[PDB]
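Just so it is clear, none of the values below were taken in a lab; they were calculated from the coordinates. Cβ atoms come from the backbone with ideal geometry, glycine included; neighbour counts cover every protein chain shown.
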Number of protein chains: 2
Amino acid sequence: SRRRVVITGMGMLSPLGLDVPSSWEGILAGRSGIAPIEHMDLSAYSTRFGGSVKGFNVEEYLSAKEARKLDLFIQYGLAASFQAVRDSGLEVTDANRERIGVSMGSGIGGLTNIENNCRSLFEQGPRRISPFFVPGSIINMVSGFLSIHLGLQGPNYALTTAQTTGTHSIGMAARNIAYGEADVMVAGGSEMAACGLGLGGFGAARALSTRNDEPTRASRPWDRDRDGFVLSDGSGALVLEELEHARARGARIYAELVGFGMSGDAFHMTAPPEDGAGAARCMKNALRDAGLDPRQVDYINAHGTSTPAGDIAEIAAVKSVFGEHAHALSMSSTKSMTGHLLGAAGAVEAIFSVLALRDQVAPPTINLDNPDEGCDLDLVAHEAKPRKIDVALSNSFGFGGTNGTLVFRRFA
Amino acid sequence: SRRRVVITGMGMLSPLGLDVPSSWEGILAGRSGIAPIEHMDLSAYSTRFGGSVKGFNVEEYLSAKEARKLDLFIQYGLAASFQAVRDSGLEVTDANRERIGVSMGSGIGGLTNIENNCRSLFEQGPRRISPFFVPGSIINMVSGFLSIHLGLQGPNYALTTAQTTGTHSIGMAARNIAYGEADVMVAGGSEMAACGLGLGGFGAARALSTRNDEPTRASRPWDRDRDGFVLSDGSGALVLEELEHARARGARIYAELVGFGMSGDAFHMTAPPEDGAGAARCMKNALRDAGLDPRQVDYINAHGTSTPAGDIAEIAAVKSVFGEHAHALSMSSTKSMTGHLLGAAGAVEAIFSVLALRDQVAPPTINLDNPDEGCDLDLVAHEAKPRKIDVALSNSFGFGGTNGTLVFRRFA
Ligand SMILES: CNc1ccccc1S(C)(=O)=O
């Protein structure tokens, strides 16, 4: 058998706020974090907007010297991790440090640092490249730097599954705990691809909404006028903890992580299949993992990227998995407000899923003024919806057809 | 409840060969794959050699049309995965495709591709960035593209844990199978970091051997005259399979994967602790996972990177874990010949560890002319050593203090 896993700590940077409570306040009020990108020449760019982290003060976490060594994506992940550990009340000791590990991931990693060192390399040659270039840019350094700062000696690793990273990181962190390899994990993702290469890279595949005139209306999941996703920056981190360990120290328990599903589409490199057959296997895999019937599910935090193919596949997948219960559950895209944090999407959407359990409220899908063909589900258009939520799903479907589902249940 | 996991297929690109048997012949013959780099101009670089893959034909595997869109690390990963799958004899069907997944990882991923696109952006503008920049560079697309070409709908993901990536990728794929999420996984890693930023960033950190006038003698693990690691390119892939599923189809079984350990040093971003404390915790986790007496270990494929700190830390970790039996087992670093394939190091060295079991031979540490202070173990100096091997161990240690150990034994 298997150990139960609870959420005792959460931390976040998002386009809505510099922590969980501020972010969640924006989500429930349907506020957008999307705005034209600043201190950056986007003249030659079809997209000039996204969700930036506004007002981040790294010196709340690190000395200036330590922050100078680390890509913004690493900074954002340490921030959410430090918040989550502090939010949990956990005390690390010689007696438990071998049982506390970290799995913080990223989709794309250190593009901002890769750019600035590229500038150096091309202008002046190799001897101007930072000595800290490699360890300050690679994706396993949020786990690395966190483990070194707090003295964590348990499982130490990093996932990179594109837009599925956050969901995969939390899910496989839960497995470490359930099968007795750890009592505590910090898990989630961080991302800062709002650079030239990120905007350019996604710009060149014309993946991005180009609604420059109305940045707050660009992200419109399931709306007939959607024209691709909105690039956003940030981090989410959860403290996952074995239930008996959490109870023994009297932890505040937000919710229980009951299920994790994974699937591969084996379809296309960036597009999901029109019927969402891969997202459907993943959700069924996640429900079976939790020993739950589809009928027991109340809330889904969609991937809901605002791409023509993605949004429609997810409707197909939900109708397929949930049959005559598909209208009864509420499903919303918090990306209507946050845009798409890529590797960190799944981490902040796990937190929104946990807070939907705490607060008994479905976050809105904003900008859903004209549901597309067959988008006739309860997508919680425009405003938040109080309702009963025992069981909440969080879905992520990424490049390479990599799928993740997390199942959270109310704990009392 | 926990199932057993065997190896039924292996695949490789190394500086010694374009497959396993060719690579392994070089290993047993003590041949160096290290040579001055020809694919770029390094006269401005303090290090000008590495373990290049020689004469790779991507069109043994993929269309030139697809190949052109993919960073070499992805081409190298697919090449290794296709070999391993072929070598397995496995036929993907509707009956088994949901039960076959992939976990192929990388330390750094498509730096070459990110660099070249960066050069396009800075010299020409954002409009010259490939539309294939993101899907052709990000680390999870080895898992993604393999799943699409072969129709694998099992768990689909990628680790990035720096120089531990290969060992972790293989260990965790075994856990997928062990605990019922899959019956088959293609697992390992791939790296092509030999670009300006790669050789530049490792150079800026003074991590690399600067023995430009004798590259075949650069990599000399435990030798008193070692001066840093040698940067190499390539890929390893293994087909991991549930034992009864392997029996059920009359699979040829190279060996059984009985043990996997992880730990964190929680010490330093790039430096290992001189006492090998985190490495010791990791091997002990692995031996306890395998239910072994540490005296059962016959062969250790060491991380053996040829850095001053790394090499001596490993000796300490192995004396601390094995006590007097540390003087009975054989330990060698095939990095003496291949150099350090970073995130692929663990994947090719897992294969060397399995072939050590098949052939009953300890591969040599070449260039070990003058063992350093305290390096008094059986390090298989100079020449392969025929000997009884029932249990083989493969260690990796990375930036962020992240440790991985795999335990193989003969299967009958
Ligand atoms: C028991 N561990 C397990 C089980 C299923 C999937 C993944 C893992 S992992 C990567 O954490 O090793």
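Take the Cα atoms of the protein assembly as shown, find their three principal axes, and give me the spread along each one in whole Å, biggest first.
74, 59, 50
May I ask for log10 I(q)/I(0) of chain A at q = 0.06, 0.14 Å⁻¹, from a Debye sum over the Cα atoms as equal point scatterers with solvent left out?
Debye curve over Cα of chain A, log10 I(q)/I(0) at q = 0.06, 0.14 Å⁻¹: -0.21, -1.19.
What nm distance separates the two modelled labels at B:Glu383 and A:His39, each placed 7 Å from Cα along Cα→Cβ?
The two pseudo-label positions are separated by 6.4 nm.
Over what distance in Å are the Cα centres of region B:344-384 and region A:65-141 separated?
Here the two parts' Cα centres lie 33 Å apart.
What number in nm² do you get for region B:74-217 if you take the convex hull of its Cα atoms and divide its surface by four? Could the numbers behind the result be given before it?
On the way: hull surface 44.9 nm².
That works out to 11.2 nm².
At B:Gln124 and B:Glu25, where each label point lies 7 Å from the Cα along Cα→Cβ, what is the point-to-point distance in nanometres?
Computed distance between label sites B:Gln124 and B:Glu25 equals 4.2 nm.
Each label point is 7 Å from the Cα along the Cα-to-Cβ direction; what then is the distance between the points at B:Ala412 and A:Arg2, in nm?
3.7 nm
Quick one: plug the Kirkwood hydrodynamic radius of region A:303-412 (C-alpha pairs) into Stokes-Einstein at 20 °C, 1.002 mPa s, and report D in µm²/s.
Answer, rounded: 150 µm²/s.
Give the average, rounded to an integer, of partner chain Cβ atoms located within 10 angstrom of each Cβ in B:193-205.
Numbers: counts 1, 0, 1, 7, 11, 3, 2, 12, 15, 4, 5, 11, 7.
Average neighbour count from other chains, rounded to a whole number: 6.
To the nearest 0.05, how large is the calculated FRET efficiency for B:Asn212 and B:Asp94 if R₀ is 60 Å and r is the Cβ-Cβ distance? Could the numbers behind the result be given before it?
Numbers: r = 55 Å, r/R0 = 0.91.
The calculated FRET efficiency here is 0.65.
Mind checking which of B:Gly166, B:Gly323, B:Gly50 has the largest fluctuation in a GNM of chain B, springs on alpha carbons under 10 Å?
Result for chain B, Cα springs under 10 Å: B:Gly323 fluctuates most.
How far apart are the B:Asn212 label points across copies, placing each 7 Å from Cα toward Cβ, in nm, shortest first?
Copy-to-copy label distances at B:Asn212, shortest first: 4.6 nm.
Between copies, how close do the A:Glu91 label points come, placed 7 Å along Cα→Cβ, listed in nm from shortest?
6.3
In nm, one decimal, shortest first: how far is the label point of B:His149 (7 Å from Cα along Cα to beta carbon) from the matching points in the other copies?
List, nearest first: 4.0 nm.
Give the distance, in whole Å, between the Cα centre of region A:271-336 and the Cα centre of region A:186-240.
What the calculation gives is 20 Å, centre to centre.
By per-residue mean of other Cβ atoms within 10 Å, what is the highest-first order of A:97-107, B:67-77, B:380-390, B:354-364? Write out the running numbers ahead of the final one.
Numbers: A:97-107: 29.6, B:67-77: 25.5, B:380-390: 15.6, B:354-364: 21.7.
Result, highest mean Cβ count within 10 Å first: A:97-107, B:67-77, B:354-364, B:380-390.
Given a cut-off of under 8 Å on Cα pairs at least six residues apart, what relative contact order in percent is computed for chain A? Mind dumping the intermediate values first?
Values: 1149 pairs, mean separation 94.5, N = 412.
Averaging sequence separation for qualifying contacts and normalising by length gives 23 percent for chain A.
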